[PDB]
Amino acid sequence: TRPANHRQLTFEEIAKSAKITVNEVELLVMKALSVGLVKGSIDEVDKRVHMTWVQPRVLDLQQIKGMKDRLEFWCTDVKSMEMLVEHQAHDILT
Amino acid sequence: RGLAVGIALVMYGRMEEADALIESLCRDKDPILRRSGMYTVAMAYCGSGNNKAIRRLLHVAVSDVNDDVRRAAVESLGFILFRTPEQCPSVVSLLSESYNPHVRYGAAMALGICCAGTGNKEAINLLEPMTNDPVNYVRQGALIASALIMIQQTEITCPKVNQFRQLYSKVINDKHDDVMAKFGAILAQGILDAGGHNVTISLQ
Amino acid sequence: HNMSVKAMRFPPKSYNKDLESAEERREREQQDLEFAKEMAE
Amino acid sequence: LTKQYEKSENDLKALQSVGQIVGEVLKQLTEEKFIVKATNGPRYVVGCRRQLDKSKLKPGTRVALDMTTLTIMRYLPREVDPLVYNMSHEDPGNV
Amino acid sequence: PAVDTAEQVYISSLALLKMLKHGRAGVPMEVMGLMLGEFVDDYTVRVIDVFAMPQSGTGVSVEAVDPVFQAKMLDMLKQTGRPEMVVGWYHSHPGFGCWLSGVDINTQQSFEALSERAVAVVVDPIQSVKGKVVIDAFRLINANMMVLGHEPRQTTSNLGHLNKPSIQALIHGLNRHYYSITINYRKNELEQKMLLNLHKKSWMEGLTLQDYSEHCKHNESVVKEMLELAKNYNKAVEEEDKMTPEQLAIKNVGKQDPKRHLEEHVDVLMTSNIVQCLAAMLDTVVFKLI
Amino acid sequence: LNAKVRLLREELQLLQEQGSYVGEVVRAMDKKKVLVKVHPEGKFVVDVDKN
Amino acid sequence: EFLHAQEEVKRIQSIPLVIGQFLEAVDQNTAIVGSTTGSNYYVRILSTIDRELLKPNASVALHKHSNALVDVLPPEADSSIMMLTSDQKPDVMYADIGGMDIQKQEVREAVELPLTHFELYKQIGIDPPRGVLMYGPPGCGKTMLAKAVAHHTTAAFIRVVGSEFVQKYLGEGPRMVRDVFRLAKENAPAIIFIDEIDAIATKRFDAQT
Amino acid sequence: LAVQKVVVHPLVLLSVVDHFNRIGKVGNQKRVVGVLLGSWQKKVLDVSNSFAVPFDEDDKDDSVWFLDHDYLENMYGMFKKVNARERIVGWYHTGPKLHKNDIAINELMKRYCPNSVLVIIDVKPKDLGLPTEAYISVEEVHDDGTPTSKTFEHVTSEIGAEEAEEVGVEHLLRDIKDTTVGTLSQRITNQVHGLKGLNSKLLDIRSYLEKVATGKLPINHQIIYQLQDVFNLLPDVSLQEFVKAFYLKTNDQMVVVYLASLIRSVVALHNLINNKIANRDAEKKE
Amino acid sequence: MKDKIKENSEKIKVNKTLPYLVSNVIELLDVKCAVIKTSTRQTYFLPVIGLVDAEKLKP
Amino acid sequence: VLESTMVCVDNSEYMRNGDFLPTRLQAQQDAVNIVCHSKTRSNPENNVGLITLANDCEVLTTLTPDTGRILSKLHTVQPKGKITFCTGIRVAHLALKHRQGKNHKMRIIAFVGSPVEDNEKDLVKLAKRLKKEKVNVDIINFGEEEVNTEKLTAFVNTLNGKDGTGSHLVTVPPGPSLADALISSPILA
Ligand SMILES: Nc1ncnc2c1ncn2[C@@H]1O[C@H](COP(=O)(O)OP(=O)(O)OP(=O)(O)O)[C@@H](O)[C@H]1O
Ligand SMILES: [Mg+2]
Ligand SMILES: [Zn+2]
């Protein structure tokens with residue numbers, strides 16, 4: 001659910017969401033890390049879990065539309081930078 | 001090859017009216033049609049000195065995948081600059097020493113066409129080293145051009161007339177010289193004394 | 001670098017004279033004609 | 001005789017064959033270039049046949065090269081000197 | 001009806017590549033094959049395609065044409081849209097130039113007996129370099145006509161005298177037993193664009209960044225090299241101050257030039273570092289999380 | 001640049017011209033003759049170039 | 001067109017090429033080279049030949065017809081004599097040799113120590129000996145000490161016998177001598193061992209034989 | 001897989017183009033099919049030759065199609081006589097994209113070569129991509145419980161040439177190819193082409209997602225799985241650690257660029273010195 | 001086939017014309033094949049021996 | 001006559017029946033052996049080839065002036081699958097369109113021994129398409145002629161049109177051997 005910029009889950013968040021005690025949260029992450037469901041690391045000093053990868057899941061049509069909008073923004077960025085490089089280096093472009 | 005000259009002749013002396021044709025012929029993938037475009041540039045700008053056509057001819061001469069097209073592009077400069085014969089030994093002088101033997105032949109032929117009958121000393125000075133070119137047809141073209149430039153010319157009018165008169169005889173009487181150089185020398189002898197010493201060449 | 005390169009001047013030497021001379025190039029054509037006329041026979 | 005015709009045709013096919021210069025591989029320069037020394041002659045930078053192994057052409061290997069292009073035609077075992085062959089094949093006398 | 005010296009042999013791109021590959025594969029055999037095409041007119045001999053004939057056995061020479069193989073290949077190629085007659089034969093000359101030997105003359109006599117305008121093409125896959133392939137086309141000069149005092153072919157243009165014959169060919173009977181036909185190439189836009197894809201790098205490696213550990217190690221190594229190169233460059237300047245003009249090049253023989261190596265290292269490092277920086281900057285915009 | 005290109009193209013033909021033997025001069029003689037010893041090939045009485 | 005001419009001039013390097021020895025650079029574009037055919041020629045140098053590689057006693061590739069210098073071969077290439085491989089290393093150890101401590105010390109101080117401690121020799125002021133002549137009555141451990149040196153060296157070892165240099169092909173003897181020395185130089189540190197040096201180092205020479 | 005890379009020689013491209021043109025001279029065709037011959041080097045295919053085979057198909061039905069396999073065998077023998085080291089490694093066709101009956105044709109070809117490779121060679125001069133697209137038949141074991149089927153797994157395709165083939169190609173590309181451009185310009189043009197190719201690929205993905213959203217195509221549930229990974233792989237260039245590392249690396253490369261430019265400027269000044277000295281000497285002696 | 005045999009012999013006679021180069025057979029290999037040394041101090045490998053039975057040859 | 005033929009043999013399940021002695025598969029094997037021999041002696045330049053009519057059509061052998069290979073292919077032909085007459089005829093027509101010699105004439109031998117599970121419209125349109133290309137398809141209506149006698153009737157009538165006996169519908173009732181009825185049929189005449 002969380003965007004890639006905010007995939008740092010506090011121990012309290014996992015404990016509350018999973019209906020488990022805080023001291024067990026780490027062990028839960030261990031299983032999810034061992035099976036391969038998720039990827040990341042655990043910072044037990046700050047009681048946080050840095051999650052970097054998720055098992056891909058079945059998406060709804062609306063989620064696919066949002067993904068296509070993300071692709072629209074990505075295509076706009078790629079095209080803009082391609083035109084920038086073509087314009088700036090036009091004289092030396094082969 | 002016949003249609004290349006024919007299409008050019010269809011648009012003789014048409015100034016810019018041939019432009020729509022010229023850009024069509026110069027952009028064609030067929031090398032012979034590009035040569036036809038060069039000839040059409042020559043015919044549609046006969047002696048007008050139009051530097052647009054000269055620019056196009058020079059661009060094709062220095063950048064073209066076919067040697068025949070380059071040679072015709074350099075050749076076509078004479079038909080454009082004959083009205084100002086002094087200009088040809090300047091625009092073409094550097095082309096006369098290029099790596100491409102076809103471009104050198106075109107340079108010689110441009111000197112011949114533009115400075116025909118004028119007896120231009122600068123053009124003859126350019127052609128004189130070209131008669132010793134390593135390539136045979138370059139020598140032949142230089143000899144024919146030298147004949148065209150100083151046809152009818154006497155010793156007082158052109159100091160180099162006797163030198164080339166003896167050069168043609170030496171080339172013809174040289175058993176070890178290439179057959180095409182001798183062909184050019186014989187054509188040069190025919191041109192230099194054409195019409196029983198009573199005729200000239202003048203496109204104007 | 002660009003300023004220094006643009007400041008390099010080549011004197012107007014008689015170019016294409018360091019190439020093959022006409023008489024010496026003809027020497028090779030005659031000697032090679034003799035080569036072809038004698039070796040093959 | 002059919003066998004006589006076979007032998008005559010074999011001689012005819014053999015007549016078109018040309019001997020190959022025997023040299024020795026000195027060093028493989030590239031995948032298609034070798035330095036080989038003729039048995040009694042100069043050293044040459046030659047090529048090799050594509051169908052040849054090129055792994056049996058270790059330095060010091062005796063090779064047979066084309067007469068014209070000097071391309072390595074074949075690799076041969078170490079030569080036995082005829083004098084050495086006569087030394088080995090000398091009858092003692094059943095003593 | 002004397003043949004004209006302006007006759008030209010038009011070899012297609014596919015044909016040229018086929019003969020070059022077959023000749024290089026068969027080095028040093030004089031491997032041969034047949035050239036399918038069409039006699040367009042008395043001045044053109046188009047070579048649409050070629051197919052290689054298998055070698056009977058060992059021997060660096062042209063073998064006899066196998067009629068069974070030729071007939072089978074022609075009949076099967078006619079089944080897939082190649083109904084082009086044999087306009088001659090090609091064979092390879094691995095490194096000794098393009099010409100015809102006595103065996104080649106005897107072989108070409110067969111084709112000339114079949115088709116009077118057949119062409120014997122010789123390609124040198126060994127002496128061919130990028131941008132310039134050593135190739136030639138030949139047709140035999142009949143001894144009866146030339147001996148009596150007749151030129152083998154009529155010269156109605158300059159087209160037949162543009163290529164100066166090589167001395168190797170002249171020694172081997174050129175212009176005596178056979179004559180050379182000017183070879184021109186037919187290249188279309190489609191085939192040129194198709195060939196342009198050779199060595200065309202994939203789009204992925206255009207944005208691919210070099211390993212930064214190896215890039216830094218290379219930068220450090222080359223800079224350490226330029227250290228010694230400049231240390232020697234100072235000495236080179238002082239030596240060339242007091243050095244006679246006859247030694248400007250003779251004394252440079254066998255001794256490395258610090259200036260040239262310095263230029264090479266500078267060019268290499270400029271290119272590598274500028275490319276890496278530009279690629280990283282492009283990737284920081286293209287692949288972004290926001 | 002054109003002179004460089006032309007010299008490069010002529011160099012291919014020049015490099016096919018046969019190399020020159022290296023000999024040792026024994027003595028000069030009359031009529032511009034020199035007695036030389038080619039390295040493997042004994043002695044010769046050779047002419048002298050006009051240059 | 002300059003790039004095209006540079007590309008097309010490389011057909012002069014097409015194989016087969018004869019192998020010569022760069023003797024002298026007469027001027028920028030011409031040089032005297034000693035072909036392996038046995039004749040010295042004054043030929044031209046290809047303009048695209050790296051003149052930094054035209055060192056003395058360098059093997060070059062010459063055009064088969066015109067003898068023109070068209071390539072420079074790598075220095076380690078063109079050597080009829082090969083270095084000792086790992087399998088060719090003799091099994092003789094220093095411990096196998098008994099009672100030659102003086103000879104072992106002299107050989108080590110003159111051969112194996114300068115190879116690893118040349119900077120120390122320079123710092124002290126000693127001039128390391130270029131060569132070592134081991135002499136004595138037959139069967140006194142000379143060749144075996146050479147074997148032990150070859151077995152216990154980190155440098156290249158080039159074992160050769162003096163009688164190998166004398167060959168029927170005139171010029172091949174000196175050619176392979178300079179090949180041995182060039183191979184050793186290109187693989188420095190290296191040790192050249194010439195057993196039975198009397199075969200090419202006698203003091204009497206008959207000029208008519 | 002059994003195939004890591006497929007190298008298609010320019011001779012194969014020219015043969016395919018010629019086959020397509022000579023068949024299309026009839027004026028009624030869609031694609032042509034032939035057999036690919038090559039050698040095997042480690043796990044890298046070396047497609048080096050090809051030959052046309054008779055082939056036809058129905059425009060409407062995909063199950064109706066004829067391929068002359070006897071012709072295939074006979075020309076395989078004829079080519080093997082010429083070159084024994086070139087064996088059947090797959091087939092080709094000039095259809096711009098795959099066909100539903102391509103799996104059946106690959107099954108037919110698999111008898112002659114068990115790991116057959118299909119190289120779709122687009123005759124049309126595509127501006128960005130390579131004309132060749134290589135595929136190999138694999139048994140796709142789905143995890144949805146659907147029965148295992150045969151699909152075409154893509155294979156990285158490259159155009160490589162033999163020495164003589166490269167010589168011939170350069171002779172044919174002598175005029176068109178411009179080699180005067182420096183290496184740096186070539187790399188920058190490579191970067192531009194990479195940007196264009198990435199934009200094209202992203203646009204293809206966007207078009208597929210657009211078709212899926214409007215229901216023109218069903219949700220694959222496997223392309224979506226890959227796309228989630230693709231979007232997860234997008235790095236965060238706004239991180240403090242990454243920004244500091246990028247700045248440090250850029251400065252490390254810029255100091256090297258500065259040293260190279262300084263040395264270049266000094267060498268250029270030396271060249272100017274030599275030029276001026278030579279000019280002064282030439283004018284002094286004359 | 002008699003005429004073909006006679007023409008083959010005639011071709012052999014053309015190729016068997018004098019002079020011959022005197023050589024010494026050095027070696028006999030199998031891959032039937034010979035290695036000879038001519039009096040010109042040249043060593044050649046012959047993939048086929050020629051007009052002499054390989055059994056009648058010794059080094 | 002200088003014509004090329006391609007036999008549409010049937011290897012469906014119903015060829016396992018013993019209606020034709022000894023088995024319908026062996027019976028059609030003998031019939032194919034007879035018809036290919038007849039086409040071979042009719043003209044030495046004639047071309048023959050084998051196309052199977054299984055669940056999915058498979059061209060066993062393309063046109064060739066050889067006979068023994070056809071029976072060699074038929075020997076390994078096992079009875080499997082259901083007849084697919086619609087696609088088989090078009091596959092055969094595609095094969096004839098690529099014969100070695102285009103001067104040969106169209107001809108297909110059809111061995112129908114199983115019901116045709118198609119609408120009459122598809123059959124008549126196929127017959128019209130073949131007639132446009134001057135394709136003659138000779139059909140042997142053995143096996144289940146009690147149900148196929150109408151669809152094949154329309155096929156042959158539309159193929160032959162109103163004039164010319166280009167194709168025939170020889171129907172062989174079950175008996176000792178359908179090949180013994182082939183030599184009297186117009187197929188081999
Ligand atoms: N110090 C030693 N300890 C043991 N064995 C020795 C010693 N010196 C010589 N030998 C014996 O010498 C034998 C071989 O002699 P070696 O080749 O070393 O002599 P050399 O000086 O090279 O002779 P030559 O002058 O005849 O060539 C070996 O079998 C070895 O056992
Ligand atoms: Mg000893
Ligand atoms: Zn030949």
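One-based numbering along the chain as shown.
Recorded method is electron microscopy, 2.7 Å.
Including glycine, each Cβ sits where the backbone N, Cα and C put it.
What Swiss-Prot says about this protein:
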type	residues	note
MOD_RES	B:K175	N6-acetyllysine
REPEAT	B:2-35	repeat 'PC 5'
REPEAT	B:36-71	repeat 'PC 6'
REPEAT	B:72-104	repeat 'PC 7'
REPEAT	B:106-140	repeat 'PC 8'
REPEAT	B:141-181	repeat 'PC 9'
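Sequence-distant contacts of the repeat 'PC 9' (B:141-181) (same chain, six or more residues past either end, CB-CB distance under 8 Å): 104-105, 108-109, 111-113, 115-121, 123-125, 127-128, 130-131, 133, 187-192, 194, 197-201. Using a Cβ-Cβ cut-off under 8 Å and counting only residues 6 or more beyond its ends in the same chain, the repeat 'PC 8' (B:106-140) has close neighbours at 61, 70-79, 81-82, 85-89, 92-93, 95-96, 98, 146-153, 157-160, 163-164, 167, 171, 178-181, 183-185, 187, 200-203. Taken residue by residue, the repeat 'PC 5' (B:2-35) breaks down under DSSP into 26 helix, 0 strand, 8 coil.
Listed by sequence, the residues of this chain that lie at least six past the ends of the repeat 'PC 7' (B:72-104) yet keep a Cβ under 8 A from its Cβ atoms are 35, 38-39, 41-43, 45-50, 53-54, 57-58, 60-62, 64, 110-116, 118, 120, 122-123, 125-126, 130, 133, 135, 137-138, 141, 203-204. Sequence-distant neighbours of B:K175 (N6-acetyllysine) (same chain, six or more apart, CB under 8 Å from its CB) are absent.
Counting residue by residue with DSSP, the repeat 'PC 7' (B:72-104) contains 21 helix, 0 strand, 12 coil.
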